[PDB]
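Beneath this line is the structure, given in structure tokens, with notes to follow.
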Amino acid sequence: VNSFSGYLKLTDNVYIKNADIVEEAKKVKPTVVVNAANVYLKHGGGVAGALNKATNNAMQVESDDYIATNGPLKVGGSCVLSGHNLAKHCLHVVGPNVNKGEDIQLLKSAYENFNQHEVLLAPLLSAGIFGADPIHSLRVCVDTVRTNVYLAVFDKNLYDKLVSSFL
Ligand SMILES: CN(C(=O)[C@@]12CCC[C@@H]1C2)c1cn[nH]c1
């Protein structure tokens, strides 16, 4: 049993809810919240900007030190950093950004990072300002992630379309 409430069950391991991931993280304090990161961990907008704002910029400060030591992530890659006030840990995952011309086949590689964690609160990778089709992102998620994933979808309209169209 876990703390996650109000989710629709899509599969054995994937759950979905219309929710603000920031507000969901603040309520649940999950072991892992996933960030929709870029390779530079520059948390300007989208999910990343919202998560970072909720940490009062402490996520960005920590991320800048990580990049100064390690250099950029790979598209499809990830790193584990603090969850600050939102979670124990934040798994920063880089999905391909279609608005930069990145290979959508890298979306599967991005979701494979989730398999290193038993339970996660996450957004749909490469959705929103990353430009991918969220229906596609949900299909890749279901077909790739084997651990237990609780997806937060900010937009109610999109949530209802993801559920209604789910095979
Ligand atoms: C990425 N990077 C580094 O690899 C070095 C460069 C000289 C100082 C340390 C480790 C860096 C970025 N900003 N500041 C440093």
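If you're wondering about the labels, chains in the structure tokens are A, B, ... by order shown, residues count from 1 in each chain, ligands from 1 in order shown.
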
(message) What does the list of residues within 9 Å of ligand 1 look like if you count only C-alpha atoms and all ligand atoms, written as a VMD selection string?
(response) chain A and resid 64 to 72

(message) When you look at stretch 96-107 of chain A with a cut-off of 8 Å (counting only C-alpha atoms), what residues show up, excluding the ones that are within fewer than 4 positions of it in the same chain? I need them as a PyMOL selection string.
(response) chain A and resi 75-76+111+125-126+129-132+137+140

Please dump the current selection as a PDB file, in the first residue's frame; keep N, CA and C atoms.
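The resulting file, again_12.pdb, is shown below:
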```pdb
ATOM      1  N   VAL A  75      20.853  13.268 -23.691  1.00  0.00           N
ATOM      2  CA  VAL A  75      19.426  13.098 -24.015  1.00  0.00           C
ATOM      3  C   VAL A  75      19.104  11.621 -23.852  1.00  0.00           C
ATOM      4  N   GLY A  76      18.065  11.309 -23.067  1.00  0.00           N
ATOM      5  CA  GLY A  76      17.729   9.931 -22.698  1.00  0.00           C
ATOM      6  C   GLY A  76      18.306   9.574 -21.356  1.00  0.00           C
ATOM      7  N   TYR A 111      12.585   6.795 -20.489  1.00  0.00           N
ATOM      8  CA  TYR A 111      11.699   6.084 -19.544  1.00  0.00           C
ATOM      9  C   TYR A 111      12.416   4.914 -18.889  1.00  0.00           C
ATOM     10  N   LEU A 125       7.047  12.227 -20.024  1.00  0.00           N
ATOM     11  CA  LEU A 125       8.296  12.717 -20.615  1.00  0.00           C
ATOM     12  C   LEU A 125       8.059  13.213 -22.027  1.00  0.00           C
ATOM     13  N   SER A 126       8.763  14.274 -22.342  1.00  0.00           N
ATOM     14  CA  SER A 126       8.772  14.909 -23.661  1.00  0.00           C
ATOM     15  C   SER A 126       7.421  15.564 -23.983  1.00  0.00           C
ATOM     16  N   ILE A 129       6.125  21.541 -23.208  1.00  0.00           N
ATOM     17  CA  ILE A 129       7.040  22.377 -24.023  1.00  0.00           C
ATOM     18  C   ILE A 129       8.146  21.557 -24.668  1.00  0.00           C
ATOM     19  N   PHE A 130       8.277  20.251 -24.381  1.00  0.00           N
ATOM     20  CA  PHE A 130       9.236  19.419 -25.115  1.00  0.00           C
ATOM     21  C   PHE A 130       8.649  18.964 -26.448  1.00  0.00           C
ATOM     22  N   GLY A 131       7.377  19.179 -26.707  1.00  0.00           N
ATOM     23  CA  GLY A 131       6.896  19.089 -28.104  1.00  0.00           C
ATOM     24  C   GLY A 131       6.428  17.747 -28.566  1.00  0.00           C
ATOM     25  N   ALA A 132       6.563  16.671 -27.811  1.00  0.00           N
ATOM     26  CA  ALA A 132       6.109  15.364 -28.282  1.00  0.00           C
ATOM     27  C   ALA A 132       4.600  15.235 -28.084  1.00  0.00           C
ATOM     28  N   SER A 137       3.760   9.519 -25.634  1.00  0.00           N
ATOM     29  CA  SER A 137       4.575   9.439 -24.409  1.00  0.00           C
ATOM     30  C   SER A 137       3.954   8.446 -23.427  1.00  0.00           C
ATOM     31  N   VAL A 140       4.639   4.857 -24.666  1.00  0.00           N
ATOM     32  CA  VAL A 140       6.036   4.444 -24.401  1.00  0.00           C
ATOM     33  C   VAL A 140       6.189   4.175 -22.915  1.00  0.00           C
TER      34      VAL A 140
END
```

(message) Which residue is closest to residue A:78? Choose from A:58, A:35, A:46, A:145 and count only C-alpha atoms.
(response)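 Distance minimum relative to residue A:78 lands on A:35.
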
(message) With only C-alpha atoms as the counted atoms, please give the residues lying no more than 9 Å from residue A:123, apart from itself and same-chain residues fewer than 3 positions off, as a PyMOL selection string.
(response) chain A and resi 21+33-36+47+126-127+150-154

(request) Pull the strand (DSSP E or B) assignments for stretch 50-105 of chain A out of DSSP run on the backbone, and list those residues as a list in words. (result) residues 78, 79, 80, 81, 82, 89, 90, 91, 92 and 93 of chain A

(request) Write down as an MDAnalysis selection string the residues of chain A whose backbone DSSP state falls under helix (DSSP H, G or I). (result) chainID A and resid 21:28 46:54 58:70 98:100 106:116 128:130 134:144 156:164
